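There are 2 protein chains.
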Amino acid sequence: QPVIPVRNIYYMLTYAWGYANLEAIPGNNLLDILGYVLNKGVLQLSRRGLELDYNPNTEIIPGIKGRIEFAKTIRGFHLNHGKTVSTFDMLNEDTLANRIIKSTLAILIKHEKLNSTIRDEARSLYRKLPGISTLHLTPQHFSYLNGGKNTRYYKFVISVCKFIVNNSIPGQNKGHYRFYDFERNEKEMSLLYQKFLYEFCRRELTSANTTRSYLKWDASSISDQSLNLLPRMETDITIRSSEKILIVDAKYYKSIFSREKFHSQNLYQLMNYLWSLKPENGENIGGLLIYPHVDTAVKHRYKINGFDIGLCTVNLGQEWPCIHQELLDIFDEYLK
Amino acid sequence: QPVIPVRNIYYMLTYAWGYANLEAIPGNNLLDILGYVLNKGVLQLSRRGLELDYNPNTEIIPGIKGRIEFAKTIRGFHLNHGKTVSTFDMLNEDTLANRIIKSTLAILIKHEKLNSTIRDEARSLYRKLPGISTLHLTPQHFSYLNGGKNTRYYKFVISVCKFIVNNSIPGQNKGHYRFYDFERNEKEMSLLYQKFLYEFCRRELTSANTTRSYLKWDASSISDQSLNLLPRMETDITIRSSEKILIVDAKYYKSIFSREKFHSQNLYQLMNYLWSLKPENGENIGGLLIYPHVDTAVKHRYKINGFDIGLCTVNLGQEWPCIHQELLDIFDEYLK
Numbered sequence: 003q004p005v006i007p008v009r010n011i012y013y014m015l016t017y018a019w020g021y028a029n030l031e032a033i034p035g036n037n038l039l040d041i042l043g044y045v046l047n048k049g050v051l052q053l054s055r056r057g058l059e060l061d062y063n064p065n066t067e068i069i070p071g072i073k074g075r076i077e078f079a080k081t082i083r084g085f086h087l088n089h090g091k092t093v094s095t096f097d098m099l100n101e102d103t104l105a106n107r108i109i110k111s112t113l114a115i116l117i118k119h120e121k122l123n124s125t126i127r128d129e130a131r132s133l134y135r136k137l138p139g140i141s142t143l144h145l146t147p148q149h150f151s152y153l154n155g156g157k158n159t160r161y162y163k164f165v166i167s168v169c170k171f172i173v174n175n176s177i178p179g180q181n182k183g184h185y186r187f188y189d190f191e192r193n194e195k196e197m198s199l200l201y202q203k204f205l206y207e208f209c210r211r212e213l214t215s216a217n218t219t220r221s222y223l224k225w226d227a228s229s230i231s232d233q234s235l236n237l238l239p240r241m242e243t244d245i246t247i248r249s250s251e252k253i254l255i256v257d258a259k260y261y262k263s264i265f266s267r272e273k274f275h276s277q278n279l280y281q282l283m284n285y286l287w288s289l290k291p292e293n294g295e296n297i298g299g300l301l302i303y304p305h306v307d308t309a310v311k312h313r314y315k316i317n318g319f320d321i322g323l324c325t326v327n328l329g330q331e332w333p334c335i336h337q338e339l340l341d342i343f344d345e346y347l348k
Numbered sequence: 003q004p005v006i007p008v009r010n011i012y013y014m015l016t017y018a019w020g021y028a029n030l031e032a033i034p035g036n037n038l039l040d041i042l043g044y045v046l047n048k049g050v051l052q053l054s055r056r057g058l059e060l061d062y063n064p065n066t067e068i069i070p071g072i073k074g075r076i077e078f079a080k081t082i083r084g085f086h087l088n089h090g091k092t093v094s095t096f097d098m099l100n101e102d103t104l105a106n107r108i109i110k111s112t113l114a115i116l117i118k119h120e121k122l123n124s125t126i127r128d129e130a131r132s133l134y135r136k137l138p139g140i141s142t143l144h145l146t147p148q149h150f151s152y153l154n155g156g157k158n159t160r161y162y163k164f165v166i167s168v169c170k171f172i173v174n175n176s177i178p179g180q181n182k183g184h185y186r187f188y189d190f191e192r193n194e195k196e197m198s199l200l201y202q203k204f205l206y207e208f209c210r211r212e213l214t215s216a217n218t219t220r221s222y223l224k225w226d227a228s229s230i231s232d233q234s235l236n237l238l239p240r241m242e243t244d245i246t247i248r249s250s251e252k253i254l255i256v257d258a259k260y261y262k263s264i265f266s267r272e273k274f275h276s277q278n279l280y281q282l283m284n285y286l287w288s289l290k291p292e293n294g295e296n297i298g299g300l301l302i303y304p305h306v307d308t309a310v311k312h313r314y315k316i317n318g319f320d321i322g323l324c325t326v327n328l329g330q331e332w333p334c335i336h337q338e339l340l341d342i343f344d345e346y347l348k
């Protein structure tokens, strides 16, 4: 049952979310890492100042505040008991974004398997935010916040809040929670990998242009021009440069972690992407298969059907900088 | 949770094993069907006669039987107490094949969810075979019987015995057994489908020649001529005729059972099979995608990359003969 050290995933999640010292914490497991980011992350915000959104308030008060609503006043006859219905803007920190932080912290404490200090420190924070009201979180709450009015820093911790709630399962007790075994499932780990690269390549490969490209089948059918039944095909990433184009397909498989047979079923998808894609520039066409391995990294090249294709691996579990060096080394070879 | 009626699977299993009235039995579930085949199957054999294999026996007896072993006799001095060690051929029904039947019947009775009459009738049979010795079955036992000396009829019931043991799980009680929910898993149901067609096509399509064909990548690599890392590619079936060749890839998916998005990831495999395959005859090249659907069957044709390709379905759950008619109708269209 071999897996990646948990700390390294957080780095990939960071690029996945598109935006610190982790050596200090002694808990290798993820929630210890993830909570310490948040627990420190909240405190980092408070230094600068949390978001305060003017919420208009229409209420019945004994006097003039802001703009009086003449209609609701006369209709309810509130003048007679010395009151008016007036609209004014109380400034609160009770916004959806901040409510989510507080509700997330409640979930974090309730998790049964967690560092005690992490749980101790967070309980302070929950008390330190009296005005904010607890909420029962759903993805629909996060859906409303896709507008992204908030600052760039807020979006990072909220992304963490999205990860925690979805990857939280009740355990021994009804109240308490237990963390999901994220590493074991390939699909979510794989979907992380594909998104990890797409945002990563934009950062480092300033030389090349990095875009996801939709592809269209060359087919025509007398039955339907739509071709809906045909598989929808959208590249994982395309990283185009003037001298050479390159398509990459990346996936996480358990079989490859064992140093035997090889799982390369994804390759079957790849040629059709090369085929359906036709470049106006006509500089070259290349493909790449990249997978995660634990122990070591090996690079091969192939000349299959007039295409220059590479199968390669990365030794996750080594260290983040050499991994960062290794990736830049990787794309340097093929992007030429 | 829609699935195929259980009776129809037995027909596909029959072609899968390569070799009766099922209307009589009222139990729709599989083990009721499968046991009644076996329970009647054993009785069908006994009418003709069960296999009797001459087992040589070397034992210590008070007299001459067959060939006396002079050495073991003198070394043990058995002459003095009026005995000899002699080799002779007692004729038993205690062979591995027949032992498997009896052991299988014990498992069949122990299954908690089963028709009572089926369980009642089988318990008779277990008593009716006194000479045979019970055994604890493993696939390795079936492995030794791959020689297939036995008659053609024996191989059918033994194939059933292979299916039952593998698809048997202990349930409520330690002694009793509970049947596997075979339908729910796609892979074994899918692997049935691929094998179902390969043997089926040999039967009906006497006109065409039906063979599984291994394919080799057109690639060359400076690194290795072996290309071991590349995916191993072996067709599900190839059904070649003089006028036209045709490759088929068939798989069982749950998404397609819902009448939306379509799961055709297998198609990605298909083009590379067409590409890597080069016909000396050069008559034509065609491909087929065939899937199981429950309600209805729809056939489409495509002209993708110079290839004539069909995506089609079969309405399993209708009836076996029309299904048999439908398949012959299917291949008739494309094989042209």
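So the sequence lines, in the order shown, correspond to chains N and M. Heads up: the first sequence is residues 3 to 21, 28 to 267, 272 to 348, going by PDB author numbering. Heads up: the second sequence is residues 3 to 21, 28 to 267, 272 to 348, going by PDB author numbering. The C-beta atom is built at its ideal place from N, Cα and C for all residues, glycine as well.
Query	Result
For N:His312, return the contacting residues in chain M, with the cut-off set at a CB-CB distance below 9 Å.	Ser229, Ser231, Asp232, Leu237
Leaving out the 5 sequence neighbours to the left and right, which residues in its chain are closer than 6 Å to M:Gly35 when beta-carbon positions are compared?	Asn123
Within this structure, are the beta carbons of M:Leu58 and M:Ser111 separated by less than 9 Å?	no
Relative to the C-alpha of M:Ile69, which candidate in M:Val93, M:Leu60, M:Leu46 has its C-alpha closest?	M:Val93
Between M:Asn296, M:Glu242, M:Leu213, M:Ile316, which has its C-alpha nearest M:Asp341's C-alpha?	M:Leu213
Take M:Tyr346 and list the residues in its own chain whose beta-carbon comes closer than 7 Å to its own, dropping the five residues that flank it on each side.	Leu254, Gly298, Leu300, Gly322
Report the start-end ranges of each alpha helix (DSSP H) in the segment 134-167 of chain N that is 4 residues or longer and not cut off at the edges.	147-152
With burial defined as no fewer than 16 other Cβ atoms inside 10 Å of the residue's Cβ, what is the status of N:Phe204: buried or exposed?	buried
For a test of the three-state rule: what should DSSP assign to N:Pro64, helix, strand or coil?	strand
N:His336 to M:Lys273, Cα distance in whole Å?	37 Å
DSSP state of M:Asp97, grouped into three classes?	strand
Take M:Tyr161 and list the residues in its own chain whose beta-carbon comes closer than 7 Å to its own, dropping the five residues that flank it on each side.	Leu53
Considering just the uninterrupted stretch of the beta strand (DSSP E) at M:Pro4, what are its terminal residues?	Element bounds for M:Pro4: n/a, residue is neither H nor E.
Going by beta-carbon coordinates alone, are M:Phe319 and M:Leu286 separated by less than 9 Å?	yes
Could you tell me the alpha carbon to alpha carbon distance between N:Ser151 and N:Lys170, rounded to whole angstroms?	10 Å
Can you find the residues in the same chain that come closer than 7 Å, C-beta to C-beta, to residue 349 of chain M, ignoring five residues on each side of it along the sequence?	Residue coverage of chain M in this structure runs from 3 to 348, which leaves residue 349 of chain M outside it and unanswerable.
Return no unless some Cβ of chain N is closer than 9 Å to the Cβ of M:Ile316.	yes
Quick check on the DSSP output: the alpha helix (DSSP H) that includes M:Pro304 runs from which residue to which?	Unbroken run through M:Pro304 is the beta strand (DSSP E), 297-305; no alpha helix (DSSP H).
Would you mind telling me which residues of chain M sit closer than 7 Å to N:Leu279, beta carbon to beta carbon, in chain order?	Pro239
Could you tell me the boundaries of the beta strand (DSSP E) in which M:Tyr206 lies?	Premise fails: M:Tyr206 lies in the alpha helix (DSSP H), 194-212, not in any beta strand (DSSP E).
With a 10 Å radius around its C-beta and 16 neighbouring C-beta atoms as the bar for buried, classify N:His119 as buried or exposed.	buried
List the residues of chain N that M:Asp226 touches, going by C-beta distances under 8 Å, in chain order.	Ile316, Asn317
Are the C-beta of N:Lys273 and some C-beta of chain M separated by less than 9 Å?	yes
Which of helix, strand or coil does DSSP assign to N:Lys315?	strand
Taking C-beta to C-beta, are M:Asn217 and M:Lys252 nearer than 9 Å?	no
Which bits of chain N does M:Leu323 rub up against, with CB to CB less than 9 Å?	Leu237, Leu238
Hey, is M:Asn284's beta-carbon within less than 9 Å of any beta-carbon in chain N?	yes
Show which residues of chain M have a CB atom less than 8 Å away from the CB atom of N:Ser276.	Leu237, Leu238, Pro239
Does the separation of the CB atoms of N:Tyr201 and N:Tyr134 fall below 9 Å?	no
Answer yes or no: do M:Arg211 and M:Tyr17 have a C-beta to C-beta separation smaller than 9 Å?	yes
Could you pull the start and end residues of the alpha helix (DSSP H) that N:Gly49 belongs to?	38-56
Could you check what DSSP says for N:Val256 in three-state terms: helix, strand or coil?	strand
Looking at chain N, is there any beta carbon in it that lies within less than 9 Å of the beta carbon of M:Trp287?	yes
Use the C-beta contact count for N:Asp232: other C-beta atoms within 10 angstroms, 16 or more gives buried, fewer gives exposed.	exposed
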